[PDB]
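Alright, two takes on the same chain below, each alone as structure tokens: structure 1 and structure 2.
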Structure 1
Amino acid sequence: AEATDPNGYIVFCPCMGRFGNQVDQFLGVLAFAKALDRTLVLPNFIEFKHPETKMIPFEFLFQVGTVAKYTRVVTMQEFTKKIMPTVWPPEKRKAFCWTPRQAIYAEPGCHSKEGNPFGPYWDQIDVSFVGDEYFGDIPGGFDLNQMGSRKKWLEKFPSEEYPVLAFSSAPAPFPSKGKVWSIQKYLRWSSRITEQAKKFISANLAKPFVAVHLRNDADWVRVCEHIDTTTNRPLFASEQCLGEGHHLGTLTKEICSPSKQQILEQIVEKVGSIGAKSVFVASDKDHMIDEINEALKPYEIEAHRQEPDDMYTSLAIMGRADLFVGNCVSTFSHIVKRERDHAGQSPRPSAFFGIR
């Protein structure tokens, strides 16, 4: 690709949060790239592994062919090898953020490589920045939500001088707007992940199966404990079950953090509802395999988990489930819901804990 895009490129660090947060932003980055009509450089996703920061190529997890059906993309590999040499030489590498900020960890700026995963991400692809540009004065920043905003991007950063818009963090709302959720149709698991999910299913999961997502780490309970039921504002992915602006009801700590009793009761019920012959559990911590097996011991079915627990293949398995029960607050669960809603010709059944 020595003939490059006359419109230029967007590259970004999915520098906020873990895989759920990253995917939730990436959907908005797709819609932003599409609107600007610049080619999107597909990110390396980030996985934290005490004390390694691991960059995972887009194409290891998801298929490029499929995402290309939404908008014009190149892989990070393509970008660094075929594109960067001729359109983005070291002296043109500027980072983009809302406003200059004070370094924590020295001239005011974006500080795109301060801290983790910020520095490792750009180090991975040999990028250092020589300057910062700011987009705060464009109405709504990267939203493209207000009149003149797209024009302003095009006016202020035209591709001739700015062939690459390089963003310190994903230029997208978090949590994602309802209007980007259907874009998850264009995220299809790689052959590797699908093979592994199918293998696990044939080896462990008598059909039909219920897949459940259990989010229960100490840090999660503590954010759930902060729910203000009177103000009732969105929290992370909560609009996935409660609708936009929470117009369907009230978010409670029972929804955010279902009790062990609530979980078992609901799992027992869902198993009965479809005549399930197995249960799959994905969790950040406690899979509750024993508690669930005791609860399902009457039905003569069992719960199964991945050993060790591969988050990406767990996501794939849950997307394949006959029935999925998720956590409505979690953006991890939200990946599953969007895939089940949008991946095929018709919605695959999904439920959430604490909601009926």
Structure 2
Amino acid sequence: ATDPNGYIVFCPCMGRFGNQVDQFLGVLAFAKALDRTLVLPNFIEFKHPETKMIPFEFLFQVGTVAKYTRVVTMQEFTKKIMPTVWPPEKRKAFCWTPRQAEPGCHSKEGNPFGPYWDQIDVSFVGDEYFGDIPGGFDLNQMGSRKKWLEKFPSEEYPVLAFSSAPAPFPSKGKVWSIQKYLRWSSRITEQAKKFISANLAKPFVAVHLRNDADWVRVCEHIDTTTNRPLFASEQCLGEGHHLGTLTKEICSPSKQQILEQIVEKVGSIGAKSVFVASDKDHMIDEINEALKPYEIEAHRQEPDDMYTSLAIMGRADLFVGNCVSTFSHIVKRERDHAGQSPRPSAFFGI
């Protein structure tokens, strides 16, 4: 059959993988609160000549996420549910308020908005708005699940379709534990285990080095006097930065600081190898020189596969991440929540 309560489908249409997963956590909680089945999103990759949509199940296990709330794959939704439950004629786009491009949602305007819905051959014929609902999409505390059910009954609205993820960004502390239900696919887990077995004598420290030019730019624009959250910064500084001040040294550690701190961590755990995940400079030669007194080496994947890297860092004896990066935030959350007890993590500059 199909879910009489209906469905939610959305585009993780903001940012790269870290941003997508960060919003996806909130969407999961949203769908559960509305008691509608979530269509699992295609994730989006930008480092190709065109945008690339990746099936949820290529990366994560459907069985594990199902344990949190009802889900269906994108394949099952588009091939089996959509044609009868949600024909082209009632494909309404949902958004907060009508917007300047006729004022509406404009769901397929720009990238990745267009290519995402085009990939599943979906166009919208009308708009629905939810900005007038008391509490927005924040359904637990400021709880308005009754108001959503009342405004969008399942019979008239079997599918709620959002071109922006109906979840805060950055994520709220309350949804971080949902990372427990995102388990890497068998394929990725096995690649992680093989790389570790072949290359990383235990215990190993894994580090995330986020250092490409766009990043240095983002860090150097930190306004230390307003001290607002920046991407995942609350993962190390607490909600609203109650623990301290985000600095440039935390956001973008110098090469010398990275080395000092790696060597320090290797010493604290008696590490027998280091794993490096980087968006650009893995600093393998520099780290190896710094590691010579310990007669151990740093290792990376060539090429660096971002998903296997995340998985390897989740398995590390110690993880040292970048506090600002939502990419590091994935690891921090998995390390915190995948098991019954937290595996330890640290952050550069902290």
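Note that the rigid core is defined as the largest set of C-alphas that superpose within 1.5 Å between two forms. Structure 1's sequence is the ruler for residue numbers, which start at 1.
Once the two forms are fitted on their rigid core, between the two structures the CA displacement reaches 2 Å or more only for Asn145 among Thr194, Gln262, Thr252, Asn145. At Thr86, the distance the Cα travels between the two structures is 1.3 Å after the core is superposed. We note a C-alpha movement of 2.8 Å at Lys49 between the two structures, with the rigid core held in register.
Superposed on the rigid core, the forms differ at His287: its CA is offset by 0.5 Å between the two structures.
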